[PDB]
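# Structural features, examined
So the chains spell out like this:
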There are 4 protein chains.
Amino acid sequence: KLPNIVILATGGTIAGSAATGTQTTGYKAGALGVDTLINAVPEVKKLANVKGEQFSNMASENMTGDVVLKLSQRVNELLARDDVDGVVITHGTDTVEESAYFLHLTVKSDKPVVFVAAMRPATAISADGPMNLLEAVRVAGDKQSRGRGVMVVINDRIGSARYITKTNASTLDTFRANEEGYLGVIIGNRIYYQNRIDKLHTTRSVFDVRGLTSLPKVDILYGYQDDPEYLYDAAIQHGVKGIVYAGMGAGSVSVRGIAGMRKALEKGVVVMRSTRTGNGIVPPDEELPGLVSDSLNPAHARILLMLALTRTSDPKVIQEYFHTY
Amino acid sequence: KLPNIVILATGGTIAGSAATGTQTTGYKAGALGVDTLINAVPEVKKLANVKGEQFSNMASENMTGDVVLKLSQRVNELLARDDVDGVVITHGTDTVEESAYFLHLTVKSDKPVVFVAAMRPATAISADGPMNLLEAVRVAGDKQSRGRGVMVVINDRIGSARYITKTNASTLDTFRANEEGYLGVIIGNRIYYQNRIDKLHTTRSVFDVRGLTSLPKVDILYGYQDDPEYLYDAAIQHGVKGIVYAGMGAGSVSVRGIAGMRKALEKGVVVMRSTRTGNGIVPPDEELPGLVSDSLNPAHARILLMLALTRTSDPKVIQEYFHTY
Amino acid sequence: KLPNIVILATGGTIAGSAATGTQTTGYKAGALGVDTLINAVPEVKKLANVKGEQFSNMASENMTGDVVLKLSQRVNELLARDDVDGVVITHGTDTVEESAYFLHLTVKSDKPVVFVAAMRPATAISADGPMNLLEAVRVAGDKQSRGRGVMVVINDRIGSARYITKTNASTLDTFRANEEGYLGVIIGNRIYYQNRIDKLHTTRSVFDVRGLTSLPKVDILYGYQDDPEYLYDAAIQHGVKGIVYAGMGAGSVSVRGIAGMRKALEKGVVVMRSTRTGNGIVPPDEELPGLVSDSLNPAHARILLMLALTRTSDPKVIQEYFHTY
Amino acid sequence: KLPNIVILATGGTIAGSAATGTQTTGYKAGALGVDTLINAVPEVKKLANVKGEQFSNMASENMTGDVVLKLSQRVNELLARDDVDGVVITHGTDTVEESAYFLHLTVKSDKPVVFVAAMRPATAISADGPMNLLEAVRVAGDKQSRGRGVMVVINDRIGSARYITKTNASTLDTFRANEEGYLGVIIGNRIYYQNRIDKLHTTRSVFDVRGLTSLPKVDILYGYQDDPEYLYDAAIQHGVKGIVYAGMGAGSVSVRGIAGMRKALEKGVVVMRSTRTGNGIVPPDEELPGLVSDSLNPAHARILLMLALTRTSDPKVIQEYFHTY
């Protein structure tokens, strides 16, 4: 009795095409339909009773929070059904970490939710998408995969949505969680589970988004030498509810950034200090403005802050979410 | 006879002094004088005849291009002297990669220039700065260190300014070049040189800023889901000469970012597409606006773009610099 | 109020003294007593009521299974007391992964057991041992630390005994688990727990060795081009019960190694195929002789095989241990 | 007008075949002929005028020094011809680091020598070998690739034979040089050169192995708790000329290992202390027996020690080879 798996397609390079097999840059993402992906790796049909559903077909640099919200709602609907055992979501690599972390916080099920992506288009020589998709279906259909939070499967690895990130612009092995590792790996058609994330997610999460149609506006500002105050002013003037700061080092702030953050706080904007570095802990520091992002990178911090702002604007409550989610 | 090494101090956590040995976060960077750093490691007198000079005493999140330019000019003056064999620059960790890469491009000497920094303040239990400084003096004084480009020495490693970056907010081992490795290591009081960088630098660089007192203004804008067009408008309106884009994946651009970039281009602003990921190549793509950053991360790309704009506004010339520096 | 923590000292570089602060590669491991370690970082007394006990004082390349057996027995006796909340074990770095994984399998308590070590001797400039010890006491005394399996704390990281390994001969940051990450990190005097290991250990382990005064003999043989049959013959002749093979790639075997493994199997030895590579899965392959090590590296595989052989010689039972511990 | 490249085939998983696309473990390495590999990627004919030559067809765990000698001799012959611009050598992954380093030391040419391999067989879903082979031909035919030492090309990366190693049993991204990085990368059909290795190789090497048909015998012994003296005795009795020790930590030796090494030294065996850890420097230590391996891992140390012994048994000369090659 095969597991029943929905393959929910959103686009991405995994569905991308170019004229020739040697073109691995500058191709069209989000060009092929979900059934074409399935039928390119028909071994998936040995692992599961699969059903393709075309949710969207875009390059992931164009994925937007209002669309991710709809995606989360659709996945929750699917997983409430007795005839669905898990869902695989085909997505672009550029922003999978954002979409996956959003669903990690908002899907109220222990059934597997497995994002899958590809760094080479479907037409490329040695395209990675076929094996990635096979692995993702294997993970989604395995009873041992339940209760693990949302996963991102690619290049034989299983990453937690909370930790995994695209670390390299262009390589197949780009998805890594340097300090936290992988939840598991898939080698020789077998899953090896290594870790369970020690954070709240899915069925233990407070972030209910049923019925919503919009999310709080959050922008991300970079930290660097000579960083300007005017970008703070511009964000404030355009109505942001939060600013995530991709800070120098451990969320450190220049005199110009401090002035911009104090203006934001005066206007009721929540300021969250993360890091541009790529990894590690931004620790509390009562001498600096704003909250701190724990080990969340800027992209992830923005997603959690948007969701936090659906429930509260209390900085103490938001800070505790950042230490527990 | 021993080498003659100038220790040119700019501040940083290496010169920071907290109230207790356990405080490693929330201390004051840039408090101790250069001679106090030297006198904490009097072993240095066995490696070199050292002289301290106090250039500045600031936390590196406050280092600015106008000041970095002065630092480069002062180092050029020092290295023009026959009685100086190399220079060690004590600096904060947060923006050492920016200052070091600027000097890498503008120092007109083959004599060693070694930036050194610390992740723990000088007061801390197991502070790293004492050993880092001893290692940096050993590197700067070794004849085999000549002609290597500017170096960053910390935690037993020798990094090229072009590749090294602070990858972790808070750990001792934060400086890494994941794809390019270290130029060398220092183990057991001995230097092991591994690589020479295959890029132009120092005495083979066209960038000369000895007749300047400031650099062209360049800002950095992040890429993420829902990234706003208005931050492009704000940069344009505040007189930027260049914009570096810390892009999704391989410099990929949303419909909003493309509209922003096209406005910038129409105003004569140079747009340079880098990556937020942390590593790897942004490849050319004629269907997208702007130039591409090769393997330069956003912080490094901004430094090179500022220097490029002192010489040309021809995008073909600038693009070639980004492939060769 | 404060937790009661026993510091059980075995030796190591953390207890080493050299003649100068620059000696980092020629000093003596296992020279200072436990109260000298404690009184050198007296800040531990603010985290715990600490009591030092001198178990041994040796360099860890000389640690032996018979002594590890006694260490495990003593830790079990300490943790059986109601007045002991946790134990920190000071140990050498070279074989901490072996001792720690043994206790991970044999300690019948959920109270924390934290191994700590140092890469520089106690006399070194920027010695790492003081901070590592302070961190280890913090981890051992935190209620959140219970039930995590045995831990190795060093360089601000908390590694599981099952995954952590010494990856570099000589650096402070040598302990890593590349594919599995860290259980947690210690930054700014705060613990950040990231993962729980998804394997059996401690109170859920079958490997009780209380009462033993000896262990099964298990040797490790390397795989390489031209590897010889005669080392298998020698091991058999000297009474091994098991051989761990540090194999080429995924436990792959030359014609000579296969001949040696077949002789061992003929002579009643259990053969376990691991990998020399450093990481990853050795998958089943029924066209090759012997068992497979899953993601256990050679040093860890030897420990598990030795303990397995106190309970069984059944290959199916042993193979399932390797997939679950 | 195109470069002339010989594809010299030796076997490996790149030439492997299985009965289904999902079998990625347990397959037959060295099953397919070189022209089958070429014909799978006729795109190569746009990069180069290629000619296949079948040297051998074996799994690389079975590659032996006598055969590597013949490989080096053949490559030297090919590169002496005006009508050969470079050579691509198809090889198994398990021991490519050994064969490649041997040729790095013995091929007296600046023309590119590029080893290529695959982690999945040619029949696998998302097999890596087609793109790896195209990339290797691109590298071998580019003028910019001359004088770089022997290279290993796989997974978009260009590794030096002296630094690259198989770090994972089973993943596509297994070849890494953690401390030294890659010489270059291949992205979007373009080569990005990053580093030149700062070591002696190829045209500057003293290791002349013309007329030789065999090499001095060198075995590798592991270091671990309870390591036995009798394996040294066995190696001595079997006539080894060298022993490479894959030591605990920084080549550290137990009381038993010391006794074994002193027996070996008394019989005129050269003892070379490397590390089992995976990375880094084994520093000199006059209180321990034998020589030290610098940053060479055990597999590379054995290759260099064998070749060293074709010139001398003087331990000070051999030590200097280990610091310079």
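About the criteria used
Residues numbered from 1 in each chain as written, not as in the entry; some residues may be left out. Chains lettered and ligands numbered in written order. Heavy atoms only, no water. Residues with missing side-chain atoms left out of burial classes, pairs and counts. UniProt positions renumbered as here; feature names shortened; annotations may be inferred. Contact = heavy atoms within 4.5 Å. Buried area = accessible area lost by both parts, 1.4 Å probe. Salt bridge = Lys/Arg side-chain N within 4 Å of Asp/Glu carboxyl O. Polar contact = N/O pair within 3.5 Å; in protein donor to acceptor, adjacent residues only side chain to side chain. Helix = DSSP H or I, 4+ residues; strand = E, 2+ residues; numbered from the N terminus. Nonpolar A, V, L, I, M, F, W, Y, C, P; charged D, E, K, R; others polar. Axes fitted to C-alpha atoms, helices over the stretch in contact; angles between N-to-C directions. Parallel < 35°, antiparallel > 145°, perpendicular 65-115°, else oblique. Left-handed = near helix turned anticlockwise from the far one by under 90°. Buried < 20%, exposed > 50% of the residue type's maximum accessible area, 1.4 Å probe, protein only. Pairing = 2+ DSSP bridges. 1 Å grid on protein atoms, 1.4 Å probe; cavity = no way out; pocket = protein on both sides within 12 Å on 5 of 7 lines; lining within 4 Å. Points joined across faces, edges and corners; volume = space filled by probe spheres on them. Core = buried A, V, L, I, M, F, W, Y, C linked by side-chain atoms within 4.5 Å.

- The deposited coordinates derive from X-ray crystallography, with the record listing a resolution of 1.0 Å.

- Looking at the PDB entry, one finds chain A named L-ASPARAGINASE and attributed to Erwinia chrysanthemi.
- Its PDB title, taken directly from the record, is "Atomic resolution structure of Erwinia chrysanthemi L-asparaginase".
- Turning to chain A, the UniProt annotation filed under Catalytic activity states: "L-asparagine + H2O = L-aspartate + NH4(+)".
- Regarding chain A, the relevant UniProt record gives this comment under Sequence similarities: "Belongs to the asparaginase 1 family."

## Concerning the interface of chain B and chain A
- Taken residue by residue, the interface counts 59 residues in chain B and 59 residues in chain A.
- Across the interface of chain B and chain A, roughly 4600 Å² is buried in total on both sides, 49% from carbon and sulfur atoms.
- Considering only the surface of chain B that becomes buried against chain A, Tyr222(B), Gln225(B) and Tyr230(B) emerge as the three largest contributors, covering 17% of it.
- Among the ionic pairs, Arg302(B) bridges to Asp226(A), the shortest N-O distance being 3.0 Å.
- Counting across the chain B and chain A interface gives 35 residue pairs in polar contact.
- Within the residue set of the side of chain B that touches chain A, elements represented by two or more residues are α2 (65-79), α3 (96-106), β12 (218-222), α5 (230-237), α6 (255-266) and α7 (298-308) of chain B.
- Element by element, the count of residues in the side of chain B that touches chain A is highest for β12(B), at five residues.
- A per-class count over the side of chain B that touches chain A returns 26 nonpolar, 20 polar and 13 charged.

## Focus on the packing of helix α3 (residues 65-80) of chain C against helix α4 (residues 96-106) of chain C
All names here are of chain C.
- One can describe the packing of α3 onto α4 by two numbers: an axis separation of 10 Å at closest approach and a directional angle of 45°. When the axis of α3 is compared with that of α4, the two are oblique. The crossing of α3 and α4 is right-handed. Only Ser99, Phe102, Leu103 and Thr106 of α4 make contact with α3, whose side of the interface consists of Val68, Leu69, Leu71, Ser72, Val75 and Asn76.
- In the contact of α3 with α4, the residues fall into six nonpolar, four polar and no charged.

## What about the pattern of salt bridges?
- Counted by the stated rule, this structure contains 73 salt bridges over all chains.
- Linking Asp83(B) and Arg81(B) is a salt bridge whose minimum nitrogen-to-oxygen distance equals 2.8 Å.
- Its relative accessible area of 40% is what places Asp83(B) among the partly exposed residues.
- According to the relative accessible area criterion, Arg81(B) is partly exposed, its value standing at 45%.
- Measuring nitrogen to oxygen at the nearest pair gives 2.9 Å for the salt bridge that ties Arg148(B) to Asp198(D). With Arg148(B) in the loop between α4 (129-141) and β5 (151-154) and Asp198(D) in the loop between β11 (195-197) and β12 (218-222), this pair bridges two chains.
- The network of salt bridges with shared partners includes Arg157(A), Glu179(C), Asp173(D) and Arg176(D).

## Side note on the sheet that holds strand β14 (residues 270-275) of chain B
Residue and element names in this part refer to chain B.
- Strand order in this open sheet of four strands is β12-β13-β14-β15, and the pairing throughout is parallel. Pairing within the sheet leaves two strands with one partner each, and these edge strands are β12 and β15 (291-292).
- In this sheet, β14 lies alongside strand β13 (residues 242-247) in parallel orientation, the contact comprising six bridges. The residue of β14 that forms the bridge with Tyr245 is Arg273.
- α6 rests against β13 and β14 of the sheet, and its axis sits at about 145° to β14.

## Quick look at the pairing of strand β10 (residues 190-193) of chain C
All names here are of chain C.
- Note: strand β9 (residues 184-187) against β10, four bridges, orientation antiparallel. Within β10, the position partnered with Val185 by the bridge is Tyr192.
- Turn length for the β9-β10 hairpin, with the two strands adjacent in sequence and antiparallel, is two residues, and the turn residue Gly188 shows positive phi of about 60°.

## As for the side chain of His300(B)
All names here are of chain B.
- Take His300: it is sitting in helix α7.
- Overall, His300 belongs to the buried group, its relative accessible area being 2%.
- A polar atom in the side chain of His300 sits 2.8 Å from the backbone oxygen of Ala161.

## Focus: empty space enclosed by the protein
- In this structure, the second largest cavity spans a volume of roughly 530 Å³.
- Residue assignment for the lining of the second largest cavity shows that the elements contributing at least two residues are β7 (165-166) and α8 (298-308) of chain C together with β7 (165-166) and α8 (298-308) of chain D.
- Here the residues of the lining of the second largest cavity sort into six nonpolar, 22 polar and 14 charged.

## Considering the nonpolar core
- Judged by nonpolar contacts, the single largest core of 397 residues is most densely connected at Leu103(A), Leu103(B), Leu103(C) and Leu103(D).
- In this structure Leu103(A) touches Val68(A), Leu71(A), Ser72(A), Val75(A), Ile89(A), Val113(A), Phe115(A) and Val150(A), once residues within four positions along its chain are discounted.

## Re the interface of chain D and chain C
- Of the residues lining the interface, 57 residues belong to chain D; the matching set on chain C comes to 58 residues.
- Overall, the association of chain D and chain C removes approximately 4600 Å² of surface from exposure, summing both partners, and the carbon and sulfur fraction of that is 49%.
- Ranking the residues of chain D by area buried against chain C places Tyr222(D), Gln225(D) and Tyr230(D) at the top, with a combined share of 17%.
- Counting every contact that joins chain D to chain C gives six salt bridges.
- We note a salt bridge from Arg276(C) to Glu98(D), for which the minimum N-O separation is 2.8 Å.
- Taken together, the links from chain D to chain C amount to 34 residue pairs in polar contact.
- Elements supplying a minimum of two residues to the side of chain D that touches chain C: α3 (65-79), α4 (96-106), β12, α6 (230-237), α7 (255-266) and α8 of chain D.
- Examining the composition of the side of chain D that touches chain C, we find that five residues originate from one element, β12(D), more than from any other.

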